[PDB]
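**Q** One file: input38.csv (CSV, C-alpha atoms).
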chain,number,residue,atom,x,y,z
B,1,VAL,CA,-115.9,-134.1,276.1
B,2,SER,CA,-117.4,-137.6,275.5
B,3,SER,CA,-119.2,-137.4,272.2
B,4,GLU,CA,-119.6,-133.7,271.9
B,5,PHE,CA,-117.3,-130.8,271.0
B,6,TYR,CA,-116.9,-127.9,273.4
B,7,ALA,CA,-115.2,-124.5,273.4
B,8,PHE,CA,-114.2,-122.1,276.3
B,9,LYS,CA,-114.2,-118.3,275.8
B,10,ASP,CA,-114.7,-115.3,278.0
B,11,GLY,CA,-115.1,-117.5,281.1
B,12,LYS,CA,-118.0,-119.7,279.9
B,13,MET,CA,-118.3,-123.1,278.2
B,14,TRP,CA,-120.0,-123.0,274.8
B,15,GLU,CA,-121.2,-126.3,273.3
B,16,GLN,CA,-120.3,-126.3,269.6
B,17,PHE,CA,-122.6,-127.1,266.7
B,18,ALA,CA,-125.7,-126.8,268.9
B,19,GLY,CA,-126.9,-123.2,268.6
B,20,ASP,CA,-128.6,-121.3,265.8
B,21,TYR,CA,-126.9,-121.0,262.5
B,22,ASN,CA,-124.4,-118.2,262.0
B,23,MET,CA,-124.3,-117.3,265.8
B,24,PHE,CA,-120.9,-117.6,267.3
B,25,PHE,CA,-120.7,-116.9,271.1
B,26,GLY,CA,-123.9,-115.0,270.9
B,27,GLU,CA,-122.8,-112.8,268.0
B,28,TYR,CA,-123.8,-113.1,264.3
B,29,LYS,CA,-120.8,-113.6,262.0
B,30,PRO,CA,-121.2,-113.6,258.2
B,31,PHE,CA,-120.4,-116.4,255.8
B,32,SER,CA,-119.0,-116.0,252.2
B,33,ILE,CA,-117.2,-117.9,249.5
B,34,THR,CA,-114.8,-116.4,247.0
B,35,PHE,CA,-113.8,-118.2,243.8
B,36,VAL,CA,-111.6,-117.0,240.9
B,37,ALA,CA,-113.4,-117.0,237.5
B,38,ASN,CA,-110.8,-117.5,234.8
B,39,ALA,CA,-112.2,-119.5,231.9
B,40,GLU,CA,-110.1,-119.3,228.7
B,41,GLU,CA,-107.8,-116.9,230.5
B,42,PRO,CA,-105.9,-115.6,227.5
B,43,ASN,CA,-109.1,-114.2,226.2
B,44,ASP,CA,-110.6,-111.0,227.5
B,45,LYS,CA,-114.1,-111.5,228.8
B,46,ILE,CA,-117.0,-109.4,229.9
B,47,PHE,CA,-118.3,-110.9,233.2
B,48,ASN,CA,-122.1,-110.6,233.1
B,49,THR,CA,-124.1,-113.0,235.3
J,1,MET,CA,-146.8,-96.2,228.3
J,2,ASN,CA,-145.1,-94.0,231.0
J,3,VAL,CA,-141.3,-94.2,231.1
J,4,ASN,CA,-141.6,-96.6,234.1
J,5,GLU,CA,-143.5,-99.0,231.9
J,6,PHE,CA,-140.9,-98.8,229.1
J,7,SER,CA,-138.2,-99.7,231.6
J,8,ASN,CA,-140.2,-102.5,233.4
J,9,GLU,CA,-141.3,-104.0,230.1
J,10,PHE,CA,-137.8,-103.9,228.5
J,11,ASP,CA,-136.9,-106.6,231.2
J,12,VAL,CA,-139.9,-108.8,230.3
J,13,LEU,CA,-138.4,-108.9,226.8
J,14,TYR,CA,-134.6,-108.3,226.8
J,15,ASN,CA,-133.9,-110.0,230.2
J,16,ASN,CA,-135.3,-113.4,229.4
J,17,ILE,CA,-138.7,-112.6,231.0
J,18,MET,CA,-137.2,-110.7,233.9
J,19,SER,CA,-135.0,-113.8,234.9
J,20,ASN,CA,-131.7,-111.9,235.0
J,21,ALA,CA,-130.6,-114.5,232.4
J,22,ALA,CA,-129.3,-112.0,229.8
J,23,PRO,CA,-126.6,-109.4,230.4
J,24,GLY,CA,-128.4,-106.6,232.3
J,25,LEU,CA,-128.8,-103.0,231.1
J,26,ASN,CA,-128.5,-99.8,233.3
J,27,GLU,CA,-131.2,-97.2,233.0
J,28,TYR,CA,-128.9,-94.9,231.0
J,29,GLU,CA,-128.3,-97.7,228.4
J,30,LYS,CA,-132.0,-98.4,228.2
J,31,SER,CA,-132.7,-94.7,227.7
J,32,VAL,CA,-130.1,-94.5,224.9
J,33,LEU,CA,-131.4,-97.5,223.2
J,34,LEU,CA,-135.0,-96.3,223.4
J,35,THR,CA,-134.0,-92.9,221.9
J,36,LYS,CA,-132.2,-94.6,219.1
J,37,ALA,CA,-135.1,-97.0,218.6
J,38,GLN,CA,-137.6,-94.2,218.3
J,39,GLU,CA,-135.4,-92.3,215.8
J,40,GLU,CA,-135.1,-95.5,213.7
J,41,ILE,CA,-138.8,-96.2,213.9
J,42,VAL,CA,-139.6,-92.6,212.7
J,43,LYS,CA,-137.2,-92.8,209.9
J,44,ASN,CA,-138.3,-96.3,208.7
J,45,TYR,CA,-142.1,-95.6,208.9
J,46,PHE,CA,-141.6,-92.3,207.1
J,47,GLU,CA,-139.9,-93.7,204.0
J,48,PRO,CA,-142.2,-96.3,202.4
J,49,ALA,CA,-139.2,-98.6,201.4
J,50,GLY,CA,-137.9,-98.6,205.0
J,51,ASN,CA,-140.6,-100.6,206.5
J,52,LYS,CA,-142.1,-104.0,205.7
J,53,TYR,CA,-145.4,-102.8,204.2
J,54,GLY,CA,-144.1,-100.4,201.6
J,55,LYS,CA,-146.2,-97.6,203.1
J,56,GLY,CA,-145.0,-94.1,204.0
J,57,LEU,CA,-146.4,-91.2,206.0
J,58,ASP,CA,-149.9,-90.9,204.6
J,59,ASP,CA,-150.3,-94.3,202.9
J,60,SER,CA,-152.6,-95.9,205.5
J,61,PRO,CA,-154.6,-94.9,208.6
J,62,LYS,CA,-152.0,-96.5,210.8
J,63,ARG,CA,-149.3,-94.3,209.4
J,64,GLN,CA,-151.5,-91.2,209.7
J,65,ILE,CA,-152.0,-92.0,213.4
J,66,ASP,CA,-148.3,-92.8,213.9
J,67,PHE,CA,-147.0,-89.3,213.0
J,68,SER,CA,-150.0,-87.5,214.3
J,69,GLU,CA,-148.3,-86.1,217.4
J,70,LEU,CA,-145.1,-85.0,215.6
J,71,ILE,CA,-146.8,-82.9,212.8
J,72,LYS,CA,-146.3,-79.2,213.6
J,73,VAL,CA,-147.1,-76.1,211.7
J,74,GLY,CA,-144.7,-73.1,212.1
J,75,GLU,CA,-143.8,-70.0,210.3
J,76,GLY,CA,-140.5,-69.1,208.7
J,77,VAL,CA,-138.7,-66.0,209.8
J,78,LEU,CA,-137.0,-63.7,207.3
J,79,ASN,CA,-133.2,-63.9,207.6
J,80,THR,CA,-132.6,-60.2,207.0
J,81,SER,CA,-130.3,-59.9,210.0
J,82,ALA,CA,-127.4,-61.6,208.2
J,83,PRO,CA,-126.6,-60.0,204.8
J,84,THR,CA,-125.4,-63.2,203.1
J,85,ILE,CA,-125.2,-64.1,199.4
J,86,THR,CA,-127.9,-66.0,197.6
J,87,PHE,CA,-127.5,-68.2,194.6
J,88,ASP,CA,-130.6,-66.7,192.9
J,89,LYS,CA,-131.2,-63.0,192.3
J,90,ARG,CA,-134.8,-63.0,193.6
J,91,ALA,CA,-134.3,-65.3,196.6
J,92,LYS,CA,-135.6,-64.2,200.0
J,93,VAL,CA,-133.7,-66.1,202.7
J,94,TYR,CA,-135.9,-67.6,205.3
J,95,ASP,CA,-135.0,-69.5,208.5
J,96,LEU,CA,-136.9,-72.6,209.4
J,97,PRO,CA,-138.0,-73.8,212.9
J,98,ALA,CA,-135.2,-75.2,215.1
J,99,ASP,CA,-137.1,-78.4,216.1
J,100,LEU,CA,-137.4,-79.5,212.5
J,101,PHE,CA,-137.0,-83.2,211.4
J,102,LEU,CA,-138.7,-83.6,208.0
J,103,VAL,CA,-140.7,-81.1,205.9
J,104,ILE,CA,-143.9,-82.3,204.3
J,105,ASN,CA,-145.8,-79.2,203.1
J,106,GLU,CA,-144.7,-75.6,202.5
J,107,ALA,CA,-146.8,-72.6,201.4
J,108,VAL,CA,-146.0,-68.9,200.7
J,109,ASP,CA,-148.6,-66.1,200.9
J,110,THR,CA,-147.8,-63.5,198.2
J,111,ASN,CA,-149.6,-60.4,197.2
J,112,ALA,CA,-150.8,-62.3,194.1
J,113,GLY,CA,-152.0,-65.2,196.3
J,114,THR,CA,-150.9,-68.3,198.1
J,115,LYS,CA,-148.5,-70.6,196.2
J,116,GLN,CA,-147.5,-74.1,197.1
J,117,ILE,CA,-143.7,-74.5,197.4
J,118,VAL,CA,-142.0,-77.2,195.4
J,119,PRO,CA,-138.7,-78.3,196.8
J,120,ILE,CA,-136.7,-78.2,193.6
J,121,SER,CA,-133.6,-80.4,193.2
J,122,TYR,CA,-130.2,-79.2,191.9
J,123,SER,CA,-130.8,-80.9,188.6
J,124,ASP,CA,-134.3,-79.4,188.0
J,125,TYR,CA,-133.0,-76.0,188.9
J,126,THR,CA,-130.3,-76.2,186.2
J,127,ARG,CA,-132.9,-77.6,183.8
J,128,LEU,CA,-135.5,-74.9,184.4
J,129,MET,CA,-133.0,-72.0,184.4
J,130,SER,CA,-131.8,-72.9,180.9
J,131,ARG,CA,-135.1,-71.7,179.4
J,132,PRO,CA,-136.5,-68.4,178.2
J,133,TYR,CA,-138.8,-67.4,181.0
J,134,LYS,CA,-137.1,-69.0,184.1
J,135,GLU,CA,-140.1,-68.6,186.5
J,136,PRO,CA,-142.3,-71.1,188.3
J,137,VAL,CA,-145.8,-71.9,187.2
J,138,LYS,CA,-148.6,-69.5,188.2
J,139,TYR,CA,-149.6,-71.5,191.3
J,140,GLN,CA,-146.2,-72.6,192.7
J,141,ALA,CA,-142.9,-71.4,194.1
J,142,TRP,CA,-139.5,-73.0,194.2
J,143,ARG,CA,-137.2,-73.6,197.2
J,144,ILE,CA,-133.5,-74.4,197.5
J,145,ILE,CA,-131.4,-74.6,200.7
J,146,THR,CA,-128.6,-72.1,201.1
J,147,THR,CA,-125.7,-71.2,203.5
J,148,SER,CA,-127.0,-72.4,206.9
J,149,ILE,CA,-125.4,-71.7,210.3
J,150,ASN,CA,-126.7,-73.9,213.2
J,151,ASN,CA,-130.2,-73.7,211.6
J,152,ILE,CA,-132.0,-74.4,208.3
J,153,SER,CA,-132.0,-71.5,205.7
J,154,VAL,CA,-134.1,-71.7,202.5
J,155,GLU,CA,-134.1,-69.5,199.5
J,156,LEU,CA,-137.7,-68.8,198.4
J,157,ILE,CA,-137.6,-68.2,194.6
J,158,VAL,CA,-141.0,-66.8,193.9
J,159,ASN,CA,-141.9,-65.2,190.6
J,160,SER,CA,-140.6,-61.7,190.1
J,161,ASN,CA,-143.1,-58.8,190.5
J,162,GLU,CA,-144.4,-60.5,193.7
J,163,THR,CA,-143.6,-60.0,197.4
J,164,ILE,CA,-143.6,-62.6,200.1
J,165,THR,CA,-145.8,-61.8,203.1
J,166,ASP,CA,-145.9,-65.2,204.8
J,167,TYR,CA,-144.2,-68.6,204.8
J,168,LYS,CA,-145.9,-71.5,206.5
J,169,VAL,CA,-144.1,-74.8,207.1
J,170,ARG,CA,-145.8,-78.1,208.1
J,171,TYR,CA,-143.1,-80.5,209.3
J,172,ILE,CA,-142.5,-83.5,211.5
J,173,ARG,CA,-141.2,-82.2,214.9
J,174,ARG,CA,-138.0,-83.7,216.2
J,175,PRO,CA,-139.0,-86.3,218.8
J,176,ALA,CA,-137.9,-85.7,222.4
J,177,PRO,CA,-135.7,-88.3,224.1
J,178,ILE,CA,-137.0,-91.3,226.1
J,179,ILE,CA,-135.5,-91.3,229.6
J,180,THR,CA,-136.5,-93.7,232.4
J,181,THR,CA,-134.8,-92.0,235.4
J,182,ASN,CA,-133.0,-88.9,236.5
J,183,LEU,CA,-129.6,-89.6,234.8
J,184,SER,CA,-127.7,-87.1,237.0
J,185,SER,CA,-128.6,-89.1,240.1
J,186,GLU,CA,-126.2,-92.0,239.4
J,187,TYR,CA,-124.4,-91.1,236.2
J,188,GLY,CA,-122.4,-87.9,236.4
J,189,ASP,CA,-123.1,-85.6,233.4
J,190,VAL,CA,-124.6,-87.9,230.8
J,191,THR,CA,-127.3,-86.5,228.5
J,192,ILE,CA,-129.2,-88.2,225.7
J,193,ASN,CA,-129.9,-85.1,223.6
J,194,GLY,CA,-129.1,-82.4,226.2
J,195,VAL,CA,-131.7,-83.4,228.8
J,196,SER,CA,-130.6,-85.1,232.0
J,197,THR,CA,-134.1,-85.6,233.6
J,198,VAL,CA,-137.1,-87.9,233.1
J,199,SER,CA,-138.5,-87.4,229.5
J,200,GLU,CA,-141.7,-89.1,228.4
J,201,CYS,CA,-142.5,-90.2,224.8
J,202,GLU,CA,-144.0,-87.4,222.7
J,203,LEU,CA,-145.6,-89.9,220.3
J,204,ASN,CA,-148.9,-91.5,220.0
J,205,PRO,CA,-149.2,-94.7,222.1
J,206,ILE,CA,-149.8,-96.8,219.0
J,207,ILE,CA,-146.1,-97.0,218.2
J,208,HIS,CA,-144.8,-97.4,221.7
J,209,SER,CA,-144.8,-101.2,221.2
J,210,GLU,CA,-142.9,-100.8,218.0
J,211,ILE,CA,-140.3,-98.6,219.7
J,212,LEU,CA,-139.9,-101.0,222.7
J,213,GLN,CA,-139.5,-104.0,220.4
J,214,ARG,CA,-136.9,-102.1,218.3
J,215,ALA,CA,-135.1,-101.2,221.5
J,216,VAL,CA,-135.1,-104.8,222.6
J,217,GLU,CA,-133.7,-106.0,219.2
J,218,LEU,CA,-131.0,-103.3,219.3
J,219,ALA,CA,-130.0,-104.3,222.8
J,220,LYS,CA,-129.8,-108.0,222.0
J,221,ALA,CA,-127.7,-107.2,218.9
J,222,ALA,CA,-125.4,-104.8,220.7
J,223,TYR,CA,-124.8,-107.4,223.4
J,224,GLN,CA,-124.4,-110.5,221.1
J,225,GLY,CA,-121.4,-108.5,219.9
J,226,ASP,CA,-121.2,-110.2,216.5
J,227,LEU,CA,-120.2,-107.9,213.7
J,228,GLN,CA,-122.8,-109.7,211.5
J,229,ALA,CA,-125.6,-108.8,213.9
J,230,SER,CA,-124.5,-105.2,214.2
J,231,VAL,CA,-124.3,-104.7,210.5
J,232,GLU,CA,-127.6,-106.5,209.9
J,233,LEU,CA,-129.6,-104.4,212.4
J,234,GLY,CA,-127.7,-101.3,211.2
J,235,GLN,CA,-129.5,-101.6,207.9
J,236,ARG,CA,-132.7,-100.4,209.6
J,237,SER,CA,-131.0,-97.3,211.1
J,238,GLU,CA,-132.2,-95.3,208.1
What is this structure when it is put down as structure tokens?
**A**
Amino acid sequence: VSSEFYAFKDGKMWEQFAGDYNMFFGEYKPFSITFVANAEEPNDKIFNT
Amino acid sequence: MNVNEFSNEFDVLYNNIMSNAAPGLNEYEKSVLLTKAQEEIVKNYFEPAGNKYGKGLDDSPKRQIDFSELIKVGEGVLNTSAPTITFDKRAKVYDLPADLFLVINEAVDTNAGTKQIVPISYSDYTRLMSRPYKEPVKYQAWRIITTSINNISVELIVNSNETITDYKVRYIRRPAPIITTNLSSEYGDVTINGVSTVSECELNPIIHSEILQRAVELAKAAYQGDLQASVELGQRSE
């Protein structure tokens, strides 16, 4: 709407990208990032740190 | 240093100044490495050729204070319960203490008098038994090890016409393990030397630094995984 992004859930309008971090619709949701670690993949490695 | 200090200070040395930069050891692994390190330190500082100074048990004040809390005096018990066979006709079998690591002085109290025991090698026994008399000198007795079952059995070859009334043994007691936590709490049934609970160091604080440094070196070698490092630091295992 104009120069701002909005969302509608549970009968209320939620302005996006304006609240506190990691708070979706008043609830805290976690964040994560997964990445495969395969360097020199024929070799067997002990993953340490 | 309490066990908590051995664990906390392993990570100021092994783990790149507690930076989690090196691999990371559990408390069971640290306990195992500390136990192995203390055994290695005892063995190296006992033999003069095993350390860097060429000095053995009683060759300097530092060495005397190192083994001060291991030296124990105990009596041998006659092994008359088991009617075994002795290699010498006049050998009275005696059982030694169970917590025995290295013997350094033995004496036998006879009716004639106290006699210092000489641990006689298998060559000297054959040499001295090829002669006319075949008895020790007036102020000494011989000792050779015999058939032993889950213990240490010694034949005391004292001169004939004499009876043994006592047998005192001064030895280095077997060190107790170093354990930094109750192993059963997180690791199922792992024991270091049969004890699963916290075990402090039974040694003088003077060599605690030596033991910790040796443990750190052993950890770094076991983790570098090179065969060369393992065989190089395996030299000092004796």
**Q** Please tabulate, as a tab-separated table, the residues of chain B that come within 9 Å of chain J, each with its closest pair of atoms and the distance in Å to one decimal, counting all atoms listed in the file and ordering rows by chain, then residue number upward.
**A**
residue	atom	partner	partner_atom	distance
B:47	CA	J:23	CA	8.9
B:48	CA	J:23	CA	5.4
B:49	CA	J:23	CA	6.6
**Q** Please identify all polymer residues within 12 Å of residue 113 of chain J, counting all atoms listed in the file, omitting same-chain residues fewer than 2 positions from it, and present them as a list in words.
**A**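 Counting only the stated atoms, we get residues 107, 108, 109, 110, 111, 115, 116, 138, 139, 140, 141, 158, 159, 162, 163, 164, 165 and 166 of chain J.
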**Q** Which value, in Å to one decimal, gives the distance between atom CA of residue 15 of chain B and atom CA of residue 32 of chain B?
**A**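 Those two atoms sit 23.6 Å apart.
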**Q** Contacts of residue 47 of chain J at 12 Å or less, counting only C-alpha atoms, minus same-chain residues fewer than 6 places along, as a ChimeraX atom specification?
**A** /J:40-41,53-59,63,102,236-238
**Q** Can you work out the spacing between atom CA of residue 104 of chain J and atom CA of residue 172 of chain J in Å, to one decimal?
**A**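 Between atom CA of residue 104 of chain J and atom CA of residue 172 of chain J the gap works out to 7.4 Å.
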**Q** Please indicate the distance in Å from atom CA of residue 68 of chain J to atom CA of residue 29 of chain J, rounded to one decimal place.
**A**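 Between atom CA of residue 68 of chain J and atom CA of residue 29 of chain J the gap works out to 27.8 Å.
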**Q** Might you pull out every residue within 10 Å of residue 185 of chain J, with all atoms listed in the file counted and same-chain residues fewer than 4 positions away left off, and present them as number ranges by chain?
**A** J: 181, 189, 196-197
